[PDB]
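Enquirer: One structure, pasted below without further comment.
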Amino acid sequence: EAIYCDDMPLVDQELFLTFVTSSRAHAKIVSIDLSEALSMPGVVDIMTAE
Amino acid sequence: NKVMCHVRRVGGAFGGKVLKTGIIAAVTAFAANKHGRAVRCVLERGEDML
Amino acid sequence: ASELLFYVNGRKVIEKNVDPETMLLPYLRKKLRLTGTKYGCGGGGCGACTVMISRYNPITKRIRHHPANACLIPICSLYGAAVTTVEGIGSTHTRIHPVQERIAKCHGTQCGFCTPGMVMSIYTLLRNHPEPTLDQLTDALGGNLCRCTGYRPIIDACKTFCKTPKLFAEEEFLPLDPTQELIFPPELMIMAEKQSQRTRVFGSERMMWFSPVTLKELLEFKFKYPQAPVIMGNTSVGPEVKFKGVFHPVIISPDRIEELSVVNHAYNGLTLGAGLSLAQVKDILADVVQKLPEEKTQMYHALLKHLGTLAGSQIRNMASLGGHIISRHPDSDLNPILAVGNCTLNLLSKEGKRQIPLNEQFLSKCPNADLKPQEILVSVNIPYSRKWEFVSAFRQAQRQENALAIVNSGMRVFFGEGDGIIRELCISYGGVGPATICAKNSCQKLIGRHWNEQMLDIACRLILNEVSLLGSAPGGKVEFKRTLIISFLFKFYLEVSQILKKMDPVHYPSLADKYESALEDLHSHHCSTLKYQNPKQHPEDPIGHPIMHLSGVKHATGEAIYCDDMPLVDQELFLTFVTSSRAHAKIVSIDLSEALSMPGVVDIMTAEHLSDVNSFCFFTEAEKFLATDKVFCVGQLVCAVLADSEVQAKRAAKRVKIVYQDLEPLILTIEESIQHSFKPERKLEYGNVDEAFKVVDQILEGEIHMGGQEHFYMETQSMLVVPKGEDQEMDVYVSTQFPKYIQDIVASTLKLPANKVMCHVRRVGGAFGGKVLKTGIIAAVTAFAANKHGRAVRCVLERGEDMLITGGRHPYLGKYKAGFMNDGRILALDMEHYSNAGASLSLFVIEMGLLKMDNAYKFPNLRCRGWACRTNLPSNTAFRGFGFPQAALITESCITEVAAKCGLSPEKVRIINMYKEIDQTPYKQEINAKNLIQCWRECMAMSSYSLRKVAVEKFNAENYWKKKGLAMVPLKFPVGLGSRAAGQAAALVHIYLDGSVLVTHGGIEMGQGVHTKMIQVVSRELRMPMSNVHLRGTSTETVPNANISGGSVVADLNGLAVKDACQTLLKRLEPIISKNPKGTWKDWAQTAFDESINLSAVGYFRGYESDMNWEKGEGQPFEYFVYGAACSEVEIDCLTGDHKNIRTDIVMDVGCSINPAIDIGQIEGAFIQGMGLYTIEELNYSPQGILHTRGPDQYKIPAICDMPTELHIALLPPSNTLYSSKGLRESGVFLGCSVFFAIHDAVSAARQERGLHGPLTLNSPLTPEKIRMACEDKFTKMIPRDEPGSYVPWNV
Amino acid sequence: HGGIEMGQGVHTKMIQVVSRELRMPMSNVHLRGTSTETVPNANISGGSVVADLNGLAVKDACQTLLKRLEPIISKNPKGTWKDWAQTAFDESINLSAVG
Ligand SMILES: Cc1cc2nc3c(=O)[nH]c(=O)nc-3n(C[C@H](O)[C@H](O)[C@H](O)COP(=O)(O)OP(=O)(O)OC[C@H]3O[C@@H](n4cnc5c(N)ncnc54)[C@H](O)[C@@H]3O)c2cc1C
Ligand code: FES
Ligand code: FES
């Protein structure tokens, strides 16, 4: 019965946020392709640094 | 005065729920305000340690 | 098999396999999460759910915008349409629309619940007329009600769009940019261009829905299911679905059919399609009457007359012409006009055409003159009138517009070839029976006579015998309805005899010179002037400035979240109640079998299911929540149905079968309660009255009854109760005034300590005392159900439910015996007060009544007694004024009665008996009435009284059937609570390290702008702009033990507590501010944190001292007094009963006004709310105790047409209170009795001219039923009366 | 208070402080959580002194309340905590305090 943070009931129309993380220890980001991911089911928005 | 923070209980912390947690909450509230919806962000274990 | 497609705020809305019973208003709120559109009454008469529907006609290649009430629109009728709501036209994150900016900055928002409906009506009209006239804007707002603002500031914002010291800067408003309005969705424009001919089928397990788009297909569906109605605007069958228990399994709703919306200009007349809206019909008729000669536009003028008073703009734009005819409402405003001028109906069947005439047998629904169930109505033909043919229409309701008629009529006469003989005659009456009837026998026995008074008298006694109303006729007002039938005949005889005089002057005589006023109609124009004070104060000090309500623009954009506006929480359940249907009976059995098995039902609770927690004590005697074995009034809580959804809840509630056995005695009236144990008496005496009754000249006995009142807050009882799931923690979100009381009754019900139950209130859409005791009872059983099933429960009552469960104002009865001399001075006055308390007890109302009964009159010898009476009616609650509008009326009624016995005007009798500058109240409290006499003198000069008194006497002597009246009353409103502990307030203030401040206090924002005034206090006491301060709401988790937020001192007391916390913080920070006076508030709070200074503080004010020894009768219970005077002018219609508020002049002593914009709005709202209490607001009860709520019995609050055409308010120029201010929200309610005596004076002028001296005992409210029956004439004595004991009446 | 319950039982220790400083059982005291809307400018809840520092602040608020109530407690030392808080409301005594 102890309610933790994720134990809170799902509020109306709430969205979920996941991150993509770096896969290299020291590199330069030359391109980020959000085309295929933006069109996938349920996707509302994908935010980058800009 | 427009942003309030509520914490009932934490399932262990040991110093690991401050700087990086605020960074996640920063971008989570930014997405929440942009789309006018509530956003929930819960990391998996592999995501968390990384 | 079909899909539903439409647009809302530019976004596409697709819905697959819809439930055809889904209405637009619950769809916008629960499915689209657009809570801006509010729920008001559910009948379409309030306008709180006003939205804009937009269609594209591909044939004309133009877009048609029209307003509509969303609570009556089924979403299946919106295919291809574009809905626009408050959120669509603008918001705070995007662009604020000028309509939203101006109605908010003109201070046209208080509680803000009706604001979304006001904004959409103004926006829709500006989309049809970008450069409008004020006349067009007031007609659009005719269907929108408001209980707070008094409509004055909304009219000011409307004037801003017209090309015709203040509280707002009009020059700073955005100019209405017509270029960047909302573009019509282009996808719908392409859809309309492709005329798809396929009919759409929507179905569910309960109802099928067919939308044929071609006339051929429509005729096929009307043949398949002849019983299925043809839904057009849903304004006739819609209301019957909700409250009248009708249900149609099959529904036909045709789309736009070109054959059904035809308007042709023929040679014999015009034929209009049955699919045109009543608003469209008046537009083509208003066009033709200025294009055709006046001899042929006779019928159309009669239709345009009643279409202007026909409901509101939204209902007119939904209701159809054919729907109006087929509905055949007994109180129809259009059927009697069409029945008297040979109108034909073009019926079309699948077998062929047919044309029947619209006559008597059709409106009576005789099957021979009716439609066959297989044919539809396509169009109706209205012919041109001929020369020497004249028709006129009449009506009379509770108010001028948006009110069902009591009796209306349409009459046509024809002479021909230019001689004063009648060849054709046809008259009709509505509201006198189950259907519109025509006196065919009366018109038969009169053909051939001449127009004269000798024929008219025989036409009356003939008509009165034909159309007969039994004494037990529904709708009541039988003696009034008998007279209106005659008076309309007299007005008709006067009208057409004037048309004959204008056309053939030599043959016909000129009318009586004293009779011409009877032909003028009381038509409005709205002017308003406000005067207040506005040097040596800092420009950043906001005290005294007209600062806009903080939630103002939030009220205008729909972003203000009210209680039911809260998002639906996970798995929440809905709770509805079943209420008592008998006034006094024994519960013999309750059958929950069928209801428990219905879909969605989770639980149904009766009295036994609560056991020991079915009673809470309000510190007098315990009152029970749910009825046990007996019921004591209608609307008492019996069961509580708990279901998965609101719809499934009410459905099971209507299937709960309860059997009764009536008990005796059935007490209803005050005197019926006085007949039957022991009652706690209360009395105060001043001097000796028995000794003065022998030294005065005359002794006058009299009494006056006063009816009750409904709060009619725009937001009904709403609450959500959410269990936390730990330690039985419960958070209640209620629309209430007393969060501490909600916390107590819920904790007591759940047998939990107070620390486990918290109460949260952000804002309330009006309360007026009606959201306390009964609200806590509902919250008690709602939290009980929530804890039992471990789910969140929401309980929102409908309007009909609300008025039946909630009480209202206390109906009063005041008996008095006055000893006075011929100079007008009153020496001896004995008084008795009686209050219809209801089912349970109320002493505080009687107490505050006796203490405030003196008003502004020094009675040297006074004895005043009061009592409360148990009746079998819903228990009433404290209102605005706390008994003052009743105790001060019986004294003014007394003063008016001695003025008649003295021959002097009431104003001279009032000033003679007035207090001196320094004087003593009956309770031995001194007063400084220096501002009292100054209010009376300035009101006389500001209104130019004597110049207008002689002019009214000139009017009464010149006019016989129209009279004017004038009156002026003084005001002394004492302000104070019972003890010091009741005026105690607290607050909590935080200062964050960025410099921002968060403040909270125990007050509840109900529209009085308490939150706005508190931020003004923080801004001055901390020397920071209000933009730095913020407030979220009121919660028992932050400010404990808060007192009730009702009365005039809510802002004053909490203002002192917030001032105490700011001073506490400012003193801790004085070392830091002095050492760095240039730094901002941010580095002040940062160095305070660095130096370990606490930046949080509790404010507290112990309350004003107050004591009263009710045994001796003396005490000091009032901190200050509010003085003022009001002068009102009225013109009444002697025949009908109608009246028009001409001008009202108000002066008030508020002292140093902390917010003059908010304080003036409270004066206007209190006056209009009081004006309705004395004039139009009437509660109709049956002899069995059942409240009537349908038809002409509908409760009506003041609308725009009822606001005085000219209103003047001045604030008297100006220290124990906060900033030398004075609370005044309850004062103006009594100032609304000036119009009551203005109508009383006008009635006296009609009784004096006709010689009817005697007891003019006019009771409250002064409804048109009581106005007309006081103006006795030949028609008054002519009506057939009934003996008292034969019939069982419909009312009283 | 400004402390965060992470398993160190800070909330449990605070109720123990309220129980001693106000002479009432813990069953009478309750705590819901931590919120910036109630206790502003709270320090980080990490380290050994989280319960110690917040324990002194809760002890300060209980003493502040207990001193305001000393006239009422002395004039009726037998009465419960309910009629103490009721007469405090009747005598216009503020029953809320900041530690
Ligand atoms: C707030 C409110 C205020 C009102 N005030 C007034 C007032 O002041 N004075 C007054 O006189 N009335 C008043 N009314 C009543 C209103 O005028 C009628 O309800 C309206 O005119 C009926 O038109 P409708 O489109 O709503 O018909 P619907 O509600 O859609 O249907 C009603 C009946 O008419 C039938 N029908 C509709 N069209 C056709 C057709 N072509 N062919 C055959 N049958 C058809 C339907 O089958 C149905 O049985 C008020 C109503 C409301 C809700
Ligand atoms: S007018 Fe639609 S809700 Fe009252
Ligand atoms: S209804 Fe307009 S503010 Fe209360």
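In the structure tokens, chains take letters A, B, ... by order of appearance, with residues numbered from 1 within each chain and ligands from 1 in the order shown.
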What residues in chain D have any atom no more than 8 Å from chain C when counting only C-alpha atoms, and can you write them as a PyMOL selection string?

Expert: chain D and resi 28-30+38-41+89-98

Enquirer: Got a sec: who's within 9 Å of stretch 9-21 of chain B, counting only C-alpha atoms, leaving out chain neighbours fewer than 5 positions off, as a tab-separated table (two decimals) with N, CA and C atoms, in the first residue's frame?

Expert:
```
chain	number	residue	atom	x	y	z
A	2	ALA	N	2.14	1.17	0.26
A	2	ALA	CA	3.02	2.33	0.20
A	2	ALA	C	3.13	2.80	-1.25
A	3	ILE	N	2.59	3.97	-1.55
A	3	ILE	CA	2.61	4.50	-2.90
A	3	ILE	C	3.96	5.15	-3.17
A	4	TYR	N	4.71	4.59	-4.10
A	4	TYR	CA	5.93	5.22	-4.58
A	4	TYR	C	5.60	6.08	-5.81
A	5	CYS	N	6.63	6.66	-6.43
A	5	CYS	CA	6.40	7.65	-7.47
A	5	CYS	C	5.68	7.05	-8.67
B	26	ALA	N	13.90	18.53	-15.86
B	26	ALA	CA	13.91	19.76	-16.64
B	26	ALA	C	13.32	19.53	-18.02
D	4	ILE	N	13.38	14.37	3.28
D	4	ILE	CA	12.87	13.38	2.34
D	4	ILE	C	13.05	12.00	2.96
D	5	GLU	N	11.96	11.24	3.03
D	5	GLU	CA	12.01	9.87	3.53
D	5	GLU	C	12.59	8.97	2.44
D	6	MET	N	13.82	8.50	2.65
D	6	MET	CA	14.48	7.59	1.73
D	6	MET	C	14.72	6.22	2.35
D	7	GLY	N	14.12	5.94	3.50
D	7	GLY	CA	14.36	4.71	4.23
D	7	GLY	C	15.04	4.91	5.56
D	33	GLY	N	3.85	14.11	3.57
D	33	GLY	CA	5.05	14.07	2.76
D	33	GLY	C	5.80	15.38	2.82
D	34	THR	N	6.58	15.63	1.77
D	34	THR	CA	7.37	16.85	1.64
D	34	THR	C	6.95	17.58	0.38
D	44	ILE	N	19.14	19.99	0.92
D	44	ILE	CA	19.17	18.64	0.37
D	44	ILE	C	19.04	17.62	1.50
D	46	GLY	N	20.28	14.63	2.24
D	46	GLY	CA	21.33	13.64	2.10
D	46	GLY	C	22.40	13.82	3.16
D	47	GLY	N	22.80	12.73	3.79
D	47	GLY	CA	23.78	12.76	4.85
D	47	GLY	C	23.20	12.31	6.17
```

Enquirer: Select residues of chain C: the criterion is any atom within 7 Å of an atom of chain B, counting only C-alpha atoms; output as a PyMOL selection string.

Expert: chain C and resi 996-998+1030

Enquirer: Please report as a tab-separated table every residue of chain C lying within 6 Å of ligand 2, along with the nearest atom pair and their distance in Å (one decimal), using only C-alpha atoms and all ligand atoms.

Expert:
```
residue	atom	partner	partner_atom_place_in_ligand_line	distance
C:39	CA	ligand 2	3 (S)	4.4
C:40	CA	ligand 2	4 (Fe)	3.8
C:41	CA	ligand 2	4 (Fe)	3.4
C:42	CA	ligand 2	3 (S)	4.1
C:43	CA	ligand 2	4 (Fe)	5.5
C:44	CA	ligand 2	1 (S)	3.5
C:45	CA	ligand 2	1 (S)	4.5
C:46	CA	ligand 2	1 (S)	3.8
C:47	CA	ligand 2	1 (S)	3.8
C:48	CA	ligand 2	1 (S)	5.2
C:49	CA	ligand 2	2 (Fe)	4.6
C:69	CA	ligand 2	2 (Fe)	4.8
C:70	CA	ligand 2	2 (Fe)	5.9
C:71	CA	ligand 2	2 (Fe)	4.5
```

Enquirer: At a cut-off of 7 Å, list the chain C residues touching chain A, using only C-alpha atoms, as a compact mmCIF listing (two decimals) with C-alpha atoms, in the first residue's frame.

Expert:
```txt
# COMPACT_ATOMS: atom_id res chain seq x y z
CA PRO C 567 -9.64 15.97 -15.30
CA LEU C 568 -11.29 12.59 -14.78
CA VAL C 569 -9.07 10.63 -12.40
CA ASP C 570 -8.29 6.96 -12.94
CA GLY C 725 -4.61 4.70 -0.52
CA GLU C 726 -2.51 5.14 2.64
```

Enquirer: Taking only C-alpha atoms and all ligand atoms into account, which residues have an atom no farther than 6 Å from ligand 3? I'd like them as a PDB file with C-alpha atoms, in the first residue's frame.

Expert:
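Output file result-v4.pdb is given in full below:
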```
ATOM      1  CA  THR C 109     -16.250  38.689 -14.770  1.00  0.00           C
ATOM      2  CA  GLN C 110     -16.783  37.878 -11.104  1.00  0.00           C
ATOM      3  CA  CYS C 111     -17.270  34.166 -10.483  1.00  0.00           C
ATOM      4  CA  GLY C 112     -16.546  33.726 -14.197  1.00  0.00           C
ATOM      5  CA  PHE C 113     -18.720  30.659 -14.786  1.00  0.00           C
ATOM      6  CA  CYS C 114     -21.079  32.373 -17.248  1.00  0.00           C
ATOM      7  CA  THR C 115     -18.184  34.168 -18.979  1.00  0.00           C
ATOM      8  CA  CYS C 146     -25.418  35.879 -15.021  1.00  0.00           C
ATOM      9  CA  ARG C 147     -25.935  35.983 -11.257  1.00  0.00           C
ATOM     10  CA  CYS C 148     -22.889  38.080 -10.269  1.00  0.00           C
ATOM     11  CA  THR C 149     -22.148  41.030 -12.555  1.00  0.00           C
ATOM     12  CA  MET C 714     -24.121  29.229 -12.071  1.00  0.00           C
ATOM     13  CA  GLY C 765     -18.630  29.736  -9.365  1.00  0.00           C
ATOM     14  CA  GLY C 766     -20.922  31.621  -7.014  1.00  0.00           C
TER      15      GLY C 766
END
```
